[PDB]
file data.txt (compact mmCIF, C-alpha atoms)
# COMPACT_ATOMS: atom_id res chain seq x y z
CA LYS M 3 49.67 158.85 65.41
CA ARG M 4 49.87 155.97 67.87
CA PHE M 5 53.36 154.45 67.68
CA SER M 6 54.24 151.02 69.09
CA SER M 7 56.66 152.39 71.68
CA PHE M 8 54.80 155.59 72.54
CA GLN M 9 52.02 158.06 71.89
CA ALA M 10 53.22 160.98 69.77
CA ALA M 11 51.24 164.19 70.05
CA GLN M 12 53.05 165.82 67.15
CA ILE M 13 56.00 165.37 64.79
CA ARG M 14 58.43 168.03 63.61
CA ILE M 15 61.16 168.03 60.95
CA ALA M 16 63.55 170.83 61.92
CA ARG M 17 66.24 172.13 59.56
CA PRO M 18 68.77 174.99 59.90
CA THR M 19 69.15 177.84 57.39
CA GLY M 20 71.20 180.94 56.73
CA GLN M 21 68.44 182.54 54.67
CA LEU M 22 65.12 182.24 56.53
CA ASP M 23 63.47 184.83 54.30
CA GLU M 24 64.23 182.82 51.17
CA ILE M 25 62.91 179.72 52.91
CA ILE M 26 59.69 181.56 53.79
CA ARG M 27 59.17 182.68 50.18
CA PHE M 28 59.55 179.11 48.91
CA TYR M 29 57.40 177.39 51.55
CA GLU M 30 54.80 180.02 52.29
CA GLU M 31 54.58 181.88 48.99
CA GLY M 32 55.59 178.93 46.85
CA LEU M 33 54.03 175.84 48.39
CA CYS M 34 51.44 177.88 50.26
CA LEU M 35 52.03 175.94 53.46
CA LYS M 36 50.31 177.60 56.40
CA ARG M 37 52.55 179.36 58.92
CA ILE M 38 51.51 177.74 62.20
CA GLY M 39 54.18 179.31 64.37
CA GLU M 40 57.22 181.58 64.52
CA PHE M 41 59.61 183.07 67.05
CA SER M 42 62.02 185.98 67.04
CA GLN M 43 65.23 186.16 69.06
CA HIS M 44 64.99 183.10 71.29
CA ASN M 45 68.45 182.07 72.50
CA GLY M 46 69.86 183.87 69.48
CA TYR M 47 67.58 182.01 67.08
CA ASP M 48 64.77 183.02 64.77
CA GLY M 49 62.42 180.45 63.28
CA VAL M 50 59.18 179.65 61.52
CA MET M 51 56.90 176.61 61.46
CA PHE M 52 54.92 175.43 58.40
CA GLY M 53 52.00 173.03 58.53
CA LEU M 54 52.25 169.79 56.61
CA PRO M 55 49.45 170.54 56.19
CA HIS M 56 48.68 171.10 59.89
CA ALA M 57 50.43 170.98 63.26
CA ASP M 58 50.38 167.19 63.74
CA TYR M 59 53.15 166.99 61.16
CA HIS M 60 55.00 170.20 60.41
CA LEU M 61 58.32 171.69 59.34
CA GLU M 62 60.46 174.14 61.29
CA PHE M 63 63.28 176.29 59.92
CA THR M 64 65.75 178.06 62.19
CA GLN M 65 68.52 180.62 61.67
CA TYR M 66 71.14 181.59 64.25
CA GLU M 67 71.94 185.27 64.85
CA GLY M 68 75.66 184.54 64.76
CA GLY M 69 75.48 183.04 61.30
CA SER M 70 73.93 179.70 60.44
CA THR M 71 74.28 177.26 57.55
CA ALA M 72 71.75 174.87 56.03
CA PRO M 73 72.43 171.12 55.90
CA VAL M 74 74.95 170.09 53.26
CA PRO M 75 72.70 169.22 50.28
CA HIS M 76 72.57 165.56 49.35
CA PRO M 77 70.85 164.66 46.04
CA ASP M 78 69.26 161.64 47.74
CA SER M 79 67.84 163.60 50.68
CA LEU M 80 64.19 164.14 49.71
CA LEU M 81 60.80 165.44 50.86
CA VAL M 82 58.25 163.64 48.71
CA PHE M 83 54.71 164.86 48.07
CA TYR M 84 52.50 162.19 46.47
CA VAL M 85 50.11 164.20 44.30
CA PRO M 86 47.82 161.76 42.44
CA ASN M 87 46.06 164.60 40.55
CA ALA M 88 48.44 165.34 37.66
CA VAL M 89 46.81 168.73 37.02
CA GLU M 90 47.54 169.97 40.55
CA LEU M 91 51.04 168.52 40.35
CA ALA M 92 51.70 170.40 37.09
CA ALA M 93 50.26 173.59 38.59
CA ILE M 94 52.36 173.67 41.74
CA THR M 95 55.65 172.72 40.08
CA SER M 96 54.96 175.31 37.38
CA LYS M 97 54.34 178.05 39.93
CA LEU M 98 57.63 177.26 41.69
CA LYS M 99 59.67 177.33 38.47
CA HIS M 100 58.05 180.63 37.47
CA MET M 101 58.97 181.97 40.90
CA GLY M 102 62.57 181.12 40.05
CA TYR M 103 63.18 177.68 41.58
CA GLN M 104 65.14 175.07 39.62
CA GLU M 105 63.77 171.73 38.52
CA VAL M 106 66.55 169.17 38.77
CA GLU M 107 67.24 165.68 37.49
CA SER M 108 66.64 163.21 40.30
CA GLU M 109 69.54 160.96 41.25
CA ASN M 110 67.37 157.86 41.09
CA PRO M 111 65.85 157.67 37.58
CA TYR M 112 62.87 156.24 39.46
CA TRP M 113 61.59 159.60 40.71
CA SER M 114 62.07 160.72 37.13
CA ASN M 115 59.23 158.43 36.06
CA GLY M 116 56.17 160.55 36.73
CA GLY M 117 57.86 162.80 39.26
CA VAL M 118 59.20 166.36 39.34
CA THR M 119 62.04 167.46 41.63
CA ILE M 120 62.44 171.12 42.59
CA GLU M 121 65.24 172.32 44.87
CA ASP M 122 64.29 174.57 47.77
CA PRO M 123 66.47 177.63 48.57
CA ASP M 124 68.99 175.44 50.42
CA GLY M 125 69.15 172.49 48.05
CA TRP M 126 66.69 170.16 49.73
CA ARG M 127 65.07 168.02 47.01
CA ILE M 128 61.31 168.58 46.96
CA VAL M 129 59.68 165.83 44.91
CA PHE M 130 56.16 165.76 43.53
CA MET M 131 55.28 162.18 42.53
CA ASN M 132 52.18 161.44 40.48
CA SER M 133 50.94 158.53 42.57
CA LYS M 134 49.24 157.61 45.82
CA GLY M 135 52.38 156.32 47.52
CA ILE M 136 52.87 152.89 49.07
CA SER M 137 50.04 150.72 50.40
CA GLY M 138 52.04 149.56 53.40
CA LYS M 139 50.26 146.19 53.28
CA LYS Y 3 46.28 166.02 54.47
CA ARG Y 4 44.58 168.62 52.28
CA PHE Y 5 47.13 171.30 51.37
CA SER Y 6 46.18 174.71 49.97
CA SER Y 7 47.89 174.14 46.62
CA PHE Y 8 47.12 170.44 46.24
CA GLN Y 9 45.82 167.18 47.64
CA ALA Y 10 48.63 165.04 49.03
CA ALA Y 11 47.97 161.32 49.23
CA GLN Y 12 51.13 160.64 51.22
CA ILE Y 13 54.34 162.27 52.45
CA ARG Y 14 57.80 160.75 52.55
CA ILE Y 15 61.08 161.91 54.11
CA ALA Y 16 63.84 160.09 52.19
CA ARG Y 17 67.44 160.00 53.40
CA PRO Y 18 70.55 158.23 52.03
CA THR Y 19 72.76 155.88 54.06
CA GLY Y 20 75.89 153.78 53.78
CA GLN Y 21 74.76 151.43 56.55
CA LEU Y 22 71.15 150.39 55.96
CA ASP Y 23 71.40 147.53 58.44
CA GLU Y 24 72.41 149.89 61.25
CA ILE Y 25 69.56 152.19 60.27
CA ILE Y 26 67.12 149.26 60.44
CA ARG Y 27 68.31 148.26 63.92
CA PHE Y 28 67.79 151.81 65.22
CA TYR Y 29 64.40 152.46 63.59
CA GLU Y 30 62.84 149.03 63.61
CA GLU Y 31 64.45 147.44 66.66
CA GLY Y 32 64.99 150.69 68.51
CA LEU Y 33 62.00 152.90 67.81
CA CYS Y 34 59.84 149.95 66.80
CA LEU Y 35 58.56 151.76 63.73
CA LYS Y 36 56.66 149.40 61.46
CA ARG Y 37 58.38 148.40 58.21
CA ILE Y 38 55.77 149.32 55.60
CA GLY Y 39 57.91 148.67 52.55
CA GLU Y 40 61.31 147.64 51.22
CA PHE Y 41 63.06 146.94 47.93
CA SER Y 42 66.20 145.11 46.93
CA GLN Y 43 68.36 145.96 43.92
CA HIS Y 44 66.29 148.58 42.12
CA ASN Y 45 68.50 150.70 39.86
CA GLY Y 46 71.41 149.73 42.09
CA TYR Y 47 69.59 150.80 45.24
CA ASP Y 48 68.29 149.00 48.30
CA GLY Y 49 65.84 150.64 50.68
CA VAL Y 50 63.35 150.34 53.49
CA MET Y 51 60.30 152.36 54.52
CA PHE Y 52 59.20 152.94 58.15
CA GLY Y 53 55.76 154.12 59.18
CA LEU Y 54 55.47 157.36 61.11
CA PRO Y 55 53.45 155.67 62.41
CA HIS Y 56 51.72 154.63 59.17
CA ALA Y 57 52.04 155.15 55.42
CA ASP Y 58 50.47 158.63 55.24
CA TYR Y 59 53.68 159.99 56.73
CA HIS Y 60 56.71 157.71 56.58
CA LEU Y 61 60.48 157.58 56.35
CA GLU Y 62 62.56 155.95 53.62
CA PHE Y 63 66.25 155.05 53.80
CA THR Y 64 68.25 154.13 50.72
CA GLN Y 65 71.75 152.79 50.08
CA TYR Y 66 73.50 152.65 46.71
CA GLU Y 67 75.31 149.47 45.62
CA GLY Y 68 78.30 151.49 44.49
CA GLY Y 69 78.79 153.06 47.89
CA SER Y 70 76.54 155.67 49.45
CA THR Y 71 76.95 158.26 52.19
CA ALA Y 72 74.42 159.67 54.64
CA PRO Y 73 73.71 163.41 54.78
CA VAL Y 74 76.43 165.46 56.46
CA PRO Y 75 75.18 165.65 60.08
CA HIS Y 76 74.07 169.07 61.24
CA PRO Y 77 73.39 169.51 64.98
CA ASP Y 78 70.34 171.64 64.14
CA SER Y 79 68.80 169.11 61.74
CA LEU Y 80 66.16 167.36 63.87
CA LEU Y 81 63.30 164.85 63.86
CA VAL Y 82 61.17 165.75 66.87
CA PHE Y 83 58.75 163.39 68.59
CA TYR Y 84 56.42 165.19 71.03
CA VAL Y 85 55.81 162.60 73.74
CA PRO Y 86 53.59 164.17 76.44
CA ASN Y 87 53.73 161.01 78.62
CA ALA Y 88 57.05 161.37 80.47
CA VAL Y 89 57.07 157.67 81.40
CA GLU Y 90 56.94 156.55 77.77
CA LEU Y 91 59.53 159.17 76.85
CA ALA Y 92 61.89 157.87 79.55
CA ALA Y 93 61.27 154.28 78.43
CA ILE Y 94 62.05 154.76 74.75
CA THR Y 95 65.13 156.94 75.24
CA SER Y 96 66.39 154.45 77.85
CA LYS Y 97 65.96 151.51 75.49
CA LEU Y 98 67.93 153.32 72.76
CA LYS Y 99 70.83 154.19 75.08
CA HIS Y 100 70.95 150.61 76.35
CA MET Y 101 71.05 149.46 72.73
CA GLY Y 102 74.17 151.61 72.35
CA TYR Y 103 72.93 154.92 70.94
CA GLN Y 104 74.38 158.19 72.28
CA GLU Y 105 72.36 160.87 74.00
CA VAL Y 106 73.77 164.24 72.98
CA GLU Y 107 73.55 167.83 74.18
CA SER Y 108 71.17 169.72 71.90
CA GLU Y 109 72.56 172.80 70.17
CA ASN Y 110 69.62 174.92 71.27
CA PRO Y 111 69.43 174.77 75.09
CA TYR Y 112 65.69 174.91 74.44
CA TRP Y 113 65.35 171.24 73.48
CA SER Y 114 67.40 170.60 76.61
CA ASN Y 115 64.48 171.79 78.73
CA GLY Y 116 62.35 168.67 79.01
CA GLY Y 117 63.77 167.02 75.92
CA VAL Y 118 66.18 164.18 75.14
CA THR Y 119 68.26 164.03 71.95
CA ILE Y 120 69.59 160.70 70.68
CA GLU Y 121 71.67 160.44 67.50
CA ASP Y 122 70.67 157.81 64.96
CA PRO Y 123 73.38 155.69 63.26
CA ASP Y 124 74.15 158.52 60.81
CA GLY Y 125 74.04 161.48 63.17
CA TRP Y 126 70.49 162.65 62.59
CA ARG Y 127 69.25 164.24 65.84
CA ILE Y 128 66.20 162.37 67.14
CA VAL Y 129 64.50 164.48 69.80
CA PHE Y 130 61.89 163.37 72.30
CA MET Y 131 60.19 166.45 73.77
CA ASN Y 132 57.93 166.16 76.81
CA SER Y 133 55.09 168.28 75.46
CA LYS Y 134 52.17 168.32 73.05
CA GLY Y 135 53.85 170.53 70.47
CA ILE Y 136 52.52 173.80 69.07
CA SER Y 137 48.82 174.72 68.94
CA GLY Y 138 49.11 176.32 65.53
CA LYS Y 139 46.39 178.82 66.47
call {"tool": "encode", "arguments": {"input": "data.txt", "output": "structure tokens"}}
result
Amino acid sequence: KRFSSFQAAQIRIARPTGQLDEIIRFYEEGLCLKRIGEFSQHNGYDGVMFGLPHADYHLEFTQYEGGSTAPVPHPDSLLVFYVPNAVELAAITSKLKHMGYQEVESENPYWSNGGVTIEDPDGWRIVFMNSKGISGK
Amino acid sequence: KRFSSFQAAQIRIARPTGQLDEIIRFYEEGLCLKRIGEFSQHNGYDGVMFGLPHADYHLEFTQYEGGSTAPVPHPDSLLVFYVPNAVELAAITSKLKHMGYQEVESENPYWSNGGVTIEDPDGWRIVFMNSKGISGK
């Protein structure tokens, strides 16, 4: 995690929600991401942090006491997990659908080729692609 | 990157945009993130991938030929960079403001304590927090 312009100790993707319990069920019970942090009533906010898989890179979800909304869902706004082992991919996506989460048709037919898209409680597109990603070279 | 439910080879945060050139100026020229991939005219889409800082965790921005919009900006939707070295933090945020990007007042006064929020071309809140993040323990 040494960037060109600076040294980053950690990186966090923070998103708002109006249903933090639903979010927890999907991410903790569904994906089985480890809860690496949480806070109750801080400046009117409640939140939880999930490892991705650890603290270096993690997710944070927050809900405001006076009502909060999640980002407006965009079908092209994704969180992609490159899972080269097709058996594990099938297992996780199957568990999520059996828990009640919808598999949707990706906007780009590309992610449809060897990929499965499941919407999280707030419509964020969680993609599981059967590959190793990009080489970057 | 060994998750409980599966082995992830890579992780990608993909977001849509209607101004991919502006996005490139901010991320490549501004943040100086390395371009680890790109594609022209694939299923009507154009896109670019930026390391965070490498391929294991990276960002992808896509624009559709037939017009595309970026996610609806939410003031609580963040990308947080934990930069413990206050001098580097000051340097990067200063470069971005001098390039023309706006520093905004975070929703949560929390990120206001030792943190600087700059909006990217499409309103995503890029936060630079002067800390090491969460321990996770």
call {"tool": "closest_residue", "arguments": {"input": "data.txt", "among": "Y:93, Y:120, Y:26, Y:38", "to": "chain M", "atoms": "only C-alpha atoms"}}
result
Y:38
call {"tool": "residues_around", "arguments": {"input": "data.txt", "residues": "residue 63 (chain Y)", "least_positions_apart": "6", "cutoff": "6 Å", "atoms": "only C-alpha atoms", "output": "PyMOL selection string"}}
result
chain Y and resi 16-18+49-50
call {"tool": "write_last_selection", "arguments": {"input": "data.txt", "atoms": "C-alpha atoms", "output": "PDB file, in the coordinates of the input"}}
result
ATOM      1  CA  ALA Y  16      63.840 160.090  52.190  1.00  0.00           C
ATOM      2  CA  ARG Y  17      67.440 160.000  53.400  1.00  0.00           C
ATOM      3  CA  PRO Y  18      70.550 158.230  52.030  1.00  0.00           C
ATOM      4  CA  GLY Y  49      65.840 150.640  50.680  1.00  0.00           C
ATOM      5  CA  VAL Y  50      63.350 150.340  53.490  1.00  0.00           C
TER       6      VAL Y  50
END
call {"tool": "residues_around", "arguments": {"input": "data.txt", "residues": "residue 107 (chain M)", "least_positions_apart": "6", "cutoff": "12 Å", "atoms": "all atoms listed in the file", "output": "ChimeraX atom specification"}}
result
/M:77-78,113-115,117-121,127-129
call {"tool": "closest_residue", "arguments": {"input": "data.txt", "among": "M:137, M:95, M:104, M:43", "to": "chain Y", "atoms": "all atoms listed in the file"}}
result
M:137
call {"tool": "residues_around", "arguments": {"input": "data.txt", "residues": "residue 22 (chain Y)", "least_positions_apart": "3", "cutoff": "12 Å", "atoms": "only C-alpha atoms", "output": "PyMOL selection string"}}
result
chain Y and resi 17-19+25-30+40-42+47-51+62-67+69-72+122-124
call {"tool": "closest_residue", "arguments": {"input": "data.txt", "among": "M:80, M:20, M:99, M:32", "to": "chain Y", "atoms": "only C-alpha atoms"}}
result
M:80
call {"tool": "interface_residues", "arguments": {"input": "data.txt", "of": "chain Y", "to": "chain M", "cutoff": "8 Å", "atoms": "all atoms listed in the file", "output": "PyMOL selection string"}}
result
chain Y and resi 3-18+33-35+38-39+45+54-57+73-76+78-87+90-91+94+110-112+133-139
call {"tool": "calpha_fit_and_write", "arguments": {"input": "data.txt", "fixed": "chain M", "moving": "chain Y", "output": "tab-separated table (two decimals) with C-alpha atoms, keeping the file's coordinate frame"}}
result
chain	number	residue	atom	x	y	z
Y	3	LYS	CA	49.66	158.86	65.41
Y	4	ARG	CA	49.87	155.97	67.87
Y	5	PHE	CA	53.36	154.45	67.68
Y	6	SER	CA	54.24	151.03	69.09
Y	7	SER	CA	56.67	152.39	71.68
Y	8	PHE	CA	54.80	155.59	72.54
Y	9	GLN	CA	52.02	158.06	71.89
Y	10	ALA	CA	53.21	160.97	69.77
Y	11	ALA	CA	51.23	164.18	70.05
Y	12	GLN	CA	53.05	165.82	67.15
Y	13	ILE	CA	56.00	165.38	64.79
Y	14	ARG	CA	58.43	168.03	63.61
Y	15	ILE	CA	61.16	168.03	60.95
Y	16	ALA	CA	63.56	170.84	61.92
Y	17	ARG	CA	66.23	172.14	59.56
Y	18	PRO	CA	68.77	174.99	59.90
Y	19	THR	CA	69.15	177.84	57.40
Y	20	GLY	CA	71.20	180.94	56.73
Y	21	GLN	CA	68.43	182.54	54.67
Y	22	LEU	CA	65.12	182.25	56.53
Y	23	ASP	CA	63.46	184.83	54.31
Y	24	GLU	CA	64.23	182.82	51.17
Y	25	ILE	CA	62.92	179.72	52.91
Y	26	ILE	CA	59.69	181.55	53.78
Y	27	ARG	CA	59.17	182.68	50.18
Y	28	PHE	CA	59.55	179.11	48.91
Y	29	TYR	CA	57.40	177.39	51.55
Y	30	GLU	CA	54.80	180.02	52.29
Y	31	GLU	CA	54.59	181.88	48.99
Y	32	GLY	CA	55.59	178.93	46.85
Y	33	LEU	CA	54.03	175.84	48.39
Y	34	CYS	CA	51.44	177.88	50.27
Y	35	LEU	CA	52.03	175.93	53.46
Y	36	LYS	CA	50.31	177.60	56.40
Y	37	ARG	CA	52.55	179.36	58.92
Y	38	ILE	CA	51.51	177.74	62.20
Y	39	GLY	CA	54.18	179.31	64.37
Y	40	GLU	CA	57.22	181.58	64.52
Y	41	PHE	CA	59.61	183.08	67.05
Y	42	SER	CA	62.02	185.98	67.03
Y	43	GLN	CA	65.23	186.16	69.06
Y	44	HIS	CA	64.99	183.10	71.28
Y	45	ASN	CA	68.45	182.07	72.50
Y	46	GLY	CA	69.86	183.87	69.48
Y	47	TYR	CA	67.59	182.01	67.08
Y	48	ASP	CA	64.76	183.02	64.78
Y	49	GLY	CA	62.41	180.45	63.28
Y	50	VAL	CA	59.18	179.65	61.52
Y	51	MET	CA	56.91	176.61	61.46
Y	52	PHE	CA	54.92	175.43	58.40
Y	53	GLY	CA	52.00	173.03	58.53
Y	54	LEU	CA	52.26	169.78	56.61
Y	55	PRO	CA	49.45	170.54	56.19
Y	56	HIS	CA	48.68	171.10	59.89
Y	57	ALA	CA	50.43	170.98	63.26
Y	58	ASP	CA	50.38	167.19	63.74
Y	59	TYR	CA	53.15	166.98	61.15
Y	60	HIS	CA	55.01	170.20	60.41
Y	61	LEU	CA	58.31	171.69	59.34
Y	62	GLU	CA	60.47	174.14	61.30
Y	63	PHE	CA	63.29	176.29	59.92
Y	64	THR	CA	65.75	178.07	62.19
Y	65	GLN	CA	68.52	180.62	61.68
Y	66	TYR	CA	71.14	181.60	64.24
Y	67	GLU	CA	71.94	185.28	64.86
Y	68	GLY	CA	75.65	184.55	64.76
Y	69	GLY	CA	75.48	183.04	61.30
Y	70	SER	CA	73.93	179.70	60.44
Y	71	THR	CA	74.28	177.25	57.56
Y	72	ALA	CA	71.75	174.87	56.03
Y	73	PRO	CA	72.43	171.12	55.90
Y	74	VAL	CA	74.95	170.08	53.26
Y	75	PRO	CA	72.70	169.22	50.28
Y	76	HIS	CA	72.57	165.56	49.35
Y	77	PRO	CA	70.85	164.66	46.05
Y	78	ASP	CA	69.26	161.64	47.74
Y	79	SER	CA	67.84	163.60	50.68
Y	80	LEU	CA	64.19	164.14	49.70
Y	81	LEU	CA	60.80	165.44	50.86
Y	82	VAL	CA	58.25	163.64	48.71
Y	83	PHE	CA	54.71	164.86	48.08
Y	84	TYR	CA	52.50	162.18	46.47
Y	85	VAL	CA	50.11	164.20	44.31
Y	86	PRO	CA	47.82	161.76	42.44
Y	87	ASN	CA	46.06	164.61	40.55
Y	88	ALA	CA	48.44	165.34	37.66
Y	89	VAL	CA	46.81	168.73	37.02
Y	90	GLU	CA	47.54	169.97	40.54
Y	91	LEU	CA	51.04	168.52	40.35
Y	92	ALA	CA	51.70	170.40	37.09
Y	93	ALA	CA	50.25	173.59	38.59
Y	94	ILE	CA	52.36	173.67	41.74
Y	95	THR	CA	55.65	172.72	40.09
Y	96	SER	CA	54.96	175.31	37.37
Y	97	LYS	CA	54.34	178.05	39.93
Y	98	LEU	CA	57.63	177.25	41.69
Y	99	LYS	CA	59.67	177.33	38.47
Y	100	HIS	CA	58.05	180.63	37.47
Y	101	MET	CA	58.96	181.97	40.90
Y	102	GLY	CA	62.57	181.12	40.05
Y	103	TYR	CA	63.17	177.68	41.58
Y	104	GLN	CA	65.15	175.07	39.61
Y	105	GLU	CA	63.77	171.74	38.51
Y	106	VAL	CA	66.55	169.17	38.77
Y	107	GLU	CA	67.24	165.67	37.48
Y	108	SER	CA	66.63	163.21	40.31
Y	109	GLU	CA	69.54	160.96	41.25
Y	110	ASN	CA	67.37	157.85	41.09
Y	111	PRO	CA	65.85	157.67	37.58
Y	112	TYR	CA	62.87	156.24	39.46
Y	113	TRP	CA	61.59	159.60	40.72
Y	114	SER	CA	62.07	160.73	37.13
Y	115	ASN	CA	59.23	158.43	36.06
Y	116	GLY	CA	56.17	160.55	36.73
Y	117	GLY	CA	57.86	162.80	39.25
Y	118	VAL	CA	59.20	166.36	39.34
Y	119	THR	CA	62.05	167.46	41.63
Y	120	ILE	CA	62.44	171.12	42.59
Y	121	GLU	CA	65.24	172.32	44.87
Y	122	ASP	CA	64.29	174.57	47.77
Y	123	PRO	CA	66.47	177.63	48.57
Y	124	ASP	CA	68.99	175.44	50.42
Y	125	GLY	CA	69.15	172.49	48.05
Y	126	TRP	CA	66.69	170.16	49.73
Y	127	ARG	CA	65.07	168.02	47.01
Y	128	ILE	CA	61.31	168.58	46.95
Y	129	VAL	CA	59.68	165.83	44.90
Y	130	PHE	CA	56.16	165.76	43.53
Y	131	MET	CA	55.29	162.18	42.53
Y	132	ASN	CA	52.18	161.44	40.47
Y	133	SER	CA	50.94	158.54	42.57
Y	134	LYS	CA	49.24	157.61	45.83
Y	135	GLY	CA	52.38	156.32	47.52
Y	136	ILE	CA	52.88	152.90	49.08
Y	137	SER	CA	50.04	150.72	50.40
Y	138	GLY	CA	52.04	149.56	53.39
Y	139	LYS	CA	50.25	146.19	53.28
call {"tool": "atom_distance", "arguments": {"input": "data.txt", "atom1": "CA of residue 88 (chain M)", "atom2": "CA of residue 108 (chain M)"}}
result
18.5 Å
call {"tool": "atom_distance", "arguments": {"input": "data.txt", "atom1": "CA of residue 68 (chain Y)", "atom2": "CA of residue 21 (chain Y)"}}
result
12.6 Å
call {"tool": "atom_distance", "arguments": {"input": "data.txt", "atom1": "CA of residue 24 (chain Y)", "atom2": "CA of residue 109 (chain M)"}}
result
23.0 Å
call {"tool": "axis_aligned_box", "arguments": {"input": "data.txt", "around": "region 135-138 of chain Y", "padding_each_side": "4 Å", "output": "JSON"}}
result
{"center_x": 51.3, "center_y": 173.4, "center_z": 68.0, "size_x": 13.0, "size_y": 13.8, "size_z": 12.9}
